[PDB]
Each structure stands twice: as C-alpha cells, then as structure tokens.
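A look at the structure
The residues making up each chain are set out below.
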Amino acid sequence: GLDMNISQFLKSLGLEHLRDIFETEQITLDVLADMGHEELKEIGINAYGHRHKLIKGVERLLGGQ
Amino acid sequence: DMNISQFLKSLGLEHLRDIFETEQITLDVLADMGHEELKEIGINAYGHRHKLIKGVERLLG
Amino acid sequence: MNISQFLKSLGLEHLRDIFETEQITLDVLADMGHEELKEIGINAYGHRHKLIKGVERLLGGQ
Amino acid sequence: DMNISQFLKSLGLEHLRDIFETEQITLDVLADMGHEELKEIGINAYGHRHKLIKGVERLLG
Amino acid sequence: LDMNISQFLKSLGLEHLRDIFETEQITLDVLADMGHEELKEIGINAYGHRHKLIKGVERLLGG
Amino acid sequence: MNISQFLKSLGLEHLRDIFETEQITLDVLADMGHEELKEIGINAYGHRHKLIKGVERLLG
Amino acid sequence: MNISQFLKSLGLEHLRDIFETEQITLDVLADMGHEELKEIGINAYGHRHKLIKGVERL
C-alpha cells in the first residue's frame with residue numbers, strides 16, 4: 001500500500017523468516033521484481049511455495065491492484 | 001481455505017504430504033498451479049495432478 | 001482392481017502399465033477426452049474411443 | 001464374422017491397412033465413425049470414407 | 001456400361017471438375033449415392049453443376 | 001562512461017575499492033557473470049545482479 | 001607474434017618485466033589460468049582476464 005520496503009513486504013506474505021537471506025543477499029524490490037524461480041533458488045529459497053508467494057507478491061505490489 | 005493435511009486426506013492423496021510440506025504448498029498456492037507446476041514439484045502421475053487441480057477448484061468456486 | 005478389471009472388460013489390459021504409472025482411476029478417466037488421453041500416451045484413436053465409450057457405459061446405467 | 005484387414009481388402013482399400021493398424025481401428029470402432037472421425041485419423045478422400053461407412057453398415061444387415 | 005470418370009465429366013461439359021473427383025476418389029458408384037448436400041461437401045458449389053451431375057448419373061446409369 | 005560514475009549510478013560506490021584493486025574496467029565487467037563477480041569478492045547476489053544489468057544496459 | 005607487442009595491444013606494457021623475469025613466452029601464457037598468473041605476481045583479476053582472453057584470441 002503506502003511506500004514499500006522489503007521487511008514490510010515479507011511480513012505481508014508471512015515470509016518474515018527469510019529476512020536474513022534478503023539482508024545478506026541485498027535483495028531490494030527492484031532486484032526481486034526481476035527474479036524467477038531459478039534465481040530465488042540460487043539465493044536459497046528452496047520451497048516452491050515460498051518462491052511462488054514472492055513472485056506473485058511483488059507483481060501484485062507493483063502492478064496497481 | 002481449510003487444512004492442507006485434511007484436503008489431501010479428503011482426496012486420498014495423504015502420501016503427498018511430504019512433498020507439500022517440503023515445498024510449502026499451501027492451498028492458496030495450489031489454487032494457482034496447473035499440470036506444469038505440479039510436475040515441477042514432483043507430482044509425476046497425471047491422475048494425482050488432476051485430482052489436486054479439480055479438488056482445489058471445487059473447494060474455491 | 002477396478003481399473004484393471006475395467007481394462008480387461010474392454011480388451012485393453014495391455015494399457016495397464018500406462019494406467020498404473022499415471023494413477024488413472026475411474027473418476028479421472030470419466031473426465032478424460034481424446035486430448036487428455038493423448039497427453040498420457042494413449043496414441044491409438046481406437047483405444048481412446050473404446051476407453052471413453054466404455055467409461056460412459058459403465059457409469060451411465062446399463 | 002470377418003476382420004478389419006479382410007474388410008478393407010474387400011472394398012479395394014487395402015492401402016489403408018497401415019492407418020487402421022496404427023490407430024487400432026477394429027470393426028466395432030469403425031461402425032461408430034462418421035466422416036469427421038475418419039478425416040481425423042487421416043482418411044482424406046470423401047470417396048474412401050463413403051466406401052467405409054456404407055461398407056460397415058452393409059456388414060450389419 | 002461404366003466409363004472413365006473424366007469421360008463422364010467431358011460428356012456433361014464438366015471436365016474442369018476432374019481435379020476434385022480425383023482428389024476425393026469419387027467413382028460413378030459413389031457419385032450415384034450423392035445429392036446436393038454431399039456434393040457441396042466436396043466443393044461443387046454451383047447448383048447448375050451439381051444438378052447436371054445428379055441427372056447425368058441418373059441418365060447414364062438409371063436410364 | 002567511466003568506472004566511478006558507473007558505480008554511483010547503481011548505488012554501489014562502496015565497491016570502488018574492489019574495482020580499483022582488481023583493476024576491473026567496464027570492458028572487463030562486461031564479460032563477468034555471477035561466478036566471476038563472486039571470485040573478486042562481491043558476495044551479495046543483489047549487487048552482482050545490479051552490476052550485470054547495469055553493464056548490459058550500458059552497451060545496447 | 002612478439003610478447004612486447006602483445007602486452008602493448010592490451011595496455012599491459014607495465015607487465016613487460018614480470019614476463020621478462022619469469023620468461024613467459026606466448027606458448028607458456030597459452031597454458032596459464034588465473035591460479036598460475038597469480039603465482040607469477042599478476043595480482044589484479046582484470047589484468048589476468050585480459051591476458052587470458054588476449055592470448056586465447058590468437
């Protein structure tokens with residue numbers, strides 16, 4: 001909704017337990033918006049369900065609905 | 001909508017619980033998945049994918 | 001044995017490895033047309049025809 | 001009775017035997033087929049389909 | 001007696017239909033069984049052509 | 001374009017040391033993937049990703 | 001081709017002396033990776049990369 005960042009975004013998806021990965025890997029929203037399943041696997045998001053939630057989450061966030 | 005473990009039981013697919021647990025597939029995720037995506041997570045039998053897809057769409061509609 | 005009795009009743013018991021590997025049960029089969037049967041490797045029109053008509057007759061009341 | 005290969009031979013359509021064998025078209029299957037279904041398995045001439053359809057009908061007199 | 005279909009066609013002034021008849025494997029035996037709907041299905045689009053064929057084949061064979 | 005203004009345009013000024021020590025010019029960066037960037041000590045995927053996009057954007 | 005003119009074409013004329021001391025001919029350079037060029041004192045990734053690419057072009 002109101003002026004986004006990664007911490008908030010992960011909390012809105014129930015994925016706050018990936019904050020460490022995101023922090024170490026310096027994944028901002030601009031970066032995350034360019035990433036698919038392969039790339040998220042490269043940074044250690046092993047669960048398909050987590051990758052899916054992220055991928056759809058960031059499209060939703062930036063897409064205007 | 002409901003519990004993933006109970007949904008699998010209601011379809012006779014309790015033996016997929018381990019894949020669903022490892023891939024963190026909740027019901028809302030499953031609702032977005034077709035045959036290609038289910039294949040990606042290791043559901044290799046057509047008949048299993050078909051029951052999941054048809055069972056999750058009966059659950060929401 | 002329901003699916004394998006069913007295939008026997010049609011003379012299509014040699015399809016039983018495809019059906020076993022793909023875990024096709026009668027409820028799945030009852031929803032399949034030509035395209036979906038081609039997707040699982042039932043390549044012959046005649047087999048597909050017999051399967052579709054057989055399951056309709058089985059569940060249709062006679 | 002009579003089987004599919006003798007049947008095709010009797011109509012002068014023996015060159016179709018390989019289609020009928022690839023598609024496992026027995027006489028009981030051919031009996032349910034119209035022009036559209038025969039086009040689908042690659043019988044492209046109307047004349048050939050017409051001979052098959054009238055032939056199989058004759059055969060259940 | 002029955003003749004080469006290209007001759008039957010030439011006898012009705014319809015030689016230009018021979019490509020359709022060859023492709024569709026239409027013999028006189030088959031043509032004898034066809035009406036307007038069936039000849040439309042093989043691409044004889046003009047009523048006047050179908051009419052000549054249907055009568056032509058009655059004249060030729062029925063007689 | 002030069003190295004200093006490239007890194008600043010991506011928010012990666014803090015990398016200038018690594019690029020200086022390793023004598024990474026833009027011609028060289030252009031040929032580097034994730035593995036090669038890992039080799040020079042750029043450990044964050046996010047940074048490598050920005051470097052790789054940035055330099056590809058630069059040579060259209 | 002001569003080693004002096006090779007380093008001129010890559011802008012690495014300041015390595016002339018490491019190459020002279022270590023007797024690195026182009027036939028030897030062809031065999032060398034990153035590990036091996038580090039062993040003879042070429043500390044910068046970018047210089048190693050240029051040498052590797054340059055020789056493997058010829």
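Rules used throughout
Residues numbered from 1 in each chain as written, not as in the entry; some residues may be left out. Chains lettered and ligands numbered in written order. Heavy atoms only, no water. Residues with missing side-chain atoms left out of burial classes, pairs and counts. Contact = heavy atoms within 4.5 Å. Buried area = accessible area lost by both parts, 1.4 Å probe. Salt bridge = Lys/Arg side-chain N within 4 Å of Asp/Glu carboxyl O. Polar contact = N/O pair within 3.5 Å; in protein donor to acceptor, adjacent residues only side chain to side chain. Nonpolar A, V, L, I, M, F, W, Y, C, P; charged D, E, K, R; others polar. Axes fitted to C-alpha atoms, helices over the stretch in contact; angles between N-to-C directions. Helix = DSSP H or I, 4+ residues; strand = E, 2+ residues; numbered from the N terminus. Parallel < 35°, antiparallel > 145°, perpendicular 65-115°, else oblique. Left-handed = near helix turned anticlockwise from the far one by under 90°. Buried < 20%, exposed > 50% of the residue type's maximum accessible area, 1.4 Å probe, protein only.

Deposited coordinates in this entry are attributed by the record to X-ray crystallography, at a stated resolution of 2.5 Å.

Under the PDB entry, the name given to chain G is Tankyrase-1, and the organism recorded is Homo sapiens. The title given to this PDB entry is "Crystal Structure of the wild-type SAM domain of human Tankyrase-1".

Per the PDB entry, the recorded name for chain E is Tankyrase-1, and the organism is Homo sapiens.

With eight residues of chain F at the interface, the matching set in chain A holds 12 residues. Buried surface at the junction of chain F and chain A, both sides included, amounts to about 730 Å², of which 57% is carbon and sulfur. Contact with chain A buries area across many residues of chain F, yet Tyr45, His49 and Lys50 of chain F alone supply 61% of it, more than any other trio. Across the chain F-chain A interface, the total number found is one salt bridge. Between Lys50 of chain F and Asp30 of chain A there is a salt bridge, with the nearest N and O atoms lying 3.4 Å from each other. Applying the counting rule to chain F against chain A returns six residue pairs in polar contact. Split by residue class, the side of chain F that touches chain A holds two nonpolar, four polar and two charged.

What follows is about the packing of helix α1 (residues 3–10) of chain G against helix α5 (residues 45–57) of chain G. Residues and elements named next belong to chain G. Two elements in contact, α1 and α5, have axes whose closest approach is 10 Å; the angle formed by their N-to-C orientations is 120 degrees. Taken as axis vectors, α1 and α5 run oblique relative to one another. As for how α1 packs across α5, the hand of that crossing is right-handed. For the pair formed by α1 and α5, the contact residues are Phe6, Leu7 and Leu10 on the first element and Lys50, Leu51, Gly54, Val55 and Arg57 on the second. Of the residues assigned to the contact of α1 with α5, the class counts are five nonpolar, one polar and two charged.

This part covers unusual backbone geometry. We note that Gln24 of chain B has phi near 50 degrees; this positive angle belongs to a residue other than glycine. When you line up the elements, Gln24 of chain B lands in the loop between α2 (17–22) and α3 (27–30). On the basis of relative accessibility, which here comes to 30%, the residue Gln24 of chain B falls in the partly exposed class. Look at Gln25 of chain E: it is not a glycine, yet its phi comes out positive at around 50 degrees.

As a further point, take the interface of chain C and chain D. A common measure of how large an interface is: the accessible area buried when the components associate. Across the contact, nine residues belong to chain C and 12 residues belong to chain D. Roughly 770 Å² is buried in total at the junction of chain C and chain D, and carbon and sulfur atoms are behind 53% of that figure. Sorting the residues of chain C by area buried against chain D places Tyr45, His49 and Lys50 of chain C first, and these three jointly supply 59% of that buried surface. Where chain C packs against chain D, one counts three salt bridges. Put simply, chain C and chain D have six residue pairs in polar contact between them. Sort the elements by how many residues they give to the side of chain C that touches chain D and helix α5 (residues 45–59) of chain C lands first, with six residues. Taken together, the residues that form the side of chain C that touches chain D break down as two nonpolar, four polar and three charged.

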